[PDB]
Amino acid sequence: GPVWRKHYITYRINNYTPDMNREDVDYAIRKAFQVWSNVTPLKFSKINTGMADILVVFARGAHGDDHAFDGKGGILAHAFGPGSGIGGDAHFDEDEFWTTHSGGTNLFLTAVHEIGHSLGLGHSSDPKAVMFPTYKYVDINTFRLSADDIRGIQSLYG
Ligand SMILES: O=NC(=O)CN(CCO)S(=O)(=O)c1ccc(F)cc1
Ligand SMILES: [Ca+2]
Ligand SMILES: [Ca+2]
Ligand SMILES: [Ca+2]
Ligand SMILES: [Zn+2]
Ligand SMILES: [Zn+2]
């Protein structure tokens, strides 16, 4: 499948969920990128203007791709694999309630999974993997990728 063919990757936060403090959205997304830069040669930089490799969007219902959101619950987020245009982009359903903690849906944990997709990972069948298709809260302060996640990403990079 497609991978980024360069080491310096940019992201931009298109818009901010009203569910969270702005600084907390920034930090959750930054931390989620760091999870992956920890285990690859990739470097991620937030840009505030122009065309980024990975655009982070909060939207609800139909939002201009072939992947309409479904209200609260169900689909929480989706992301596109590496490529031009919308490739790499990560979309979060605004009908969820995003948080920094165990309440609602945790943005950081969801973003780790979505960014996995943005980097070219598919889903894992291993329930221990962040790339497992089902969302479940785990303590964010001690979060670690599973062995399966690490072997998956290192099959693509580094
Ligand atoms: O990447 N998007 C998906 O895989 C779609 N989901 C459905 C499968 O039940 S999810 O939104 O539940 C979802 C989103 C992020 C996660 F970390 C887990 C589940
Ligand atoms: Ca939803
Ligand atoms: Ca893109
Ligand atoms: Ca919301
Ligand atoms: Zn979308
Ligand atoms: Zn997924």
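Remember, it's 1-based here, ligands and their atoms both numbered in the order they're listed. Excluded from the calculations below are hydrogen atoms, water molecules and symmetry mates; all remaining heavy atoms, backbone and side chain alike, are included. Throughout, residue positions are numbered sequentially from 1 according to the sequence presented.
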With a 3.5 Å distance limit and no angle check, can you tell me whether [X] reaches the backbone of [Y] through a side-chain donor-acceptor pair?
{"X": "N15", "Y": "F58", "value": "yes"}
{"X": "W4", "Y": "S118", "value": "yes"}
{"X": "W98", "Y": "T105", "value": "no"}
{"X": "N106", "Y": "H101", "value": "yes"}

Under 3.0 Å from the Ca ion (ligand 2), is there an N/O/S atom belonging to [X]?
{"X": "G74", "result": "no"}
{"X": "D95", "result": "no"}
{"X": "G73", "result": "yes"}
{"X": "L76", "result": "no"}

request  = Measure the distances from the heavy atoms of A79 to every atom of ligand 1 and state whether one is below 4.0 angstrom.
outcome  =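 No, that is not the case, since the closest heavy atom of the residue is not under 4.0 Å from the ligand.
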
Requested in this report: Give a yes/no on ligand 1: does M131 have at least one heavy atom closer than 4.0 angstrom to it?
Outcome: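 Flag not set, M131 not near ligand 1.
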
Geometry only, no angles: is [X] polar-contacting ligand 1 at N/O separations under 3.5 Å?
{"X": "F132", "answer": "no"}
{"X": "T134", "answer": "no"}
{"X": "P133", "answer": "yes"}
{"X": "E114", "answer": "yes"}
{"X": "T110", "answer": "no"}
{"X": "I75", "answer": "no"}
{"X": "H117", "answer": "yes"}

Using the Ca ion (ligand 3) as the vertex, how large is the angle between O of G87 and O of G85, rounded to 10 degrees?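 It comes to 100°.
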
### Message
Rounding to 10°, state the angle centred on the Ca ion (ligand 3) that links O in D53 with OD1 in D89.
### Response
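Taking the Ca ion (ligand 3) as the apex, I get 90° for this pair.
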
Notebook entry, point to check: Under 6.0 Å between the ring centres of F143 and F108?
Noted result: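 Close enough - the centres of the two rings lie under 6.0 Å apart.
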
Strictly under 6.0 Å, is that where the ring centroids of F69 and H67 end up?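 When the ring centroids of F69 and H67 are compared, they turn out to be at least 6.0 Å apart.
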
How far is [atom] from the closest protein heavy atom, and which atom is that?
{"atom": "atom 11 (O) of ligand 1", "answer": "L76 N, 2.7 Å"}
{"atom": "atom 4 (O) of ligand 1", "answer": "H123 NE2, 2.8 Å"}
{"atom": "atom 18 (C) of ligand 1", "answer": "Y135 N, 3.5 Å"}

Can [X] and [Y] be counted as having a side-chain donor-acceptor contact under 3.5 angstrom?
{"X": "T40", "Y": "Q154", "value": "no"}
{"X": "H78", "Y": "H117", "value": "no"}
{"X": "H63", "Y": "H91", "value": "yes"}

Can you name the N, O or S atom of [X] that is closest to the Ca ion (ligand 2)?
{"X": "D70", "result": "OD1"}
{"X": "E96", "result": "OE2"}
{"X": "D93", "result": "OD2"}

Item to complete: Using a strict 4.0 Å cut-off to heavy atoms of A77, name the atoms of ligand 1 that fall inside it.
Response: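 Counting from 1, the qualifying ligand atoms are 1 (O), 2 (N), 3 (C), 5 (C), 11 (O).
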
message = salt bridge (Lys or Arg N to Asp or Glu O under 4.0 Å), that's the test. Do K72 and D95 meet it? Break it down for me.
response = CA-CA 5 Å; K72 191 185 196 304; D95 284 331; over 6 Å; no

Carefully, step by step, assess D24 and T100 under the rule side-chain hydrogen bond (donor to acceptor under 3.5 Å, both in side chains).
CA-CA 7 Å; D24 293 342; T100 59; 5.0 Å; no

Q: Kindly assign one of parallel, tilted or perpendicular to the pair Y11 and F33, based on the angle between their ring planes and the thresholds 30° and 60°.
A: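 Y11 and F33: parallel rings.
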
* **Approximate separation, where rounding is to 0.5 Å, of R30 CZ and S45 OG** =>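 So the CZ of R30 and the OG of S45 are separated by 9.0 Å.
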
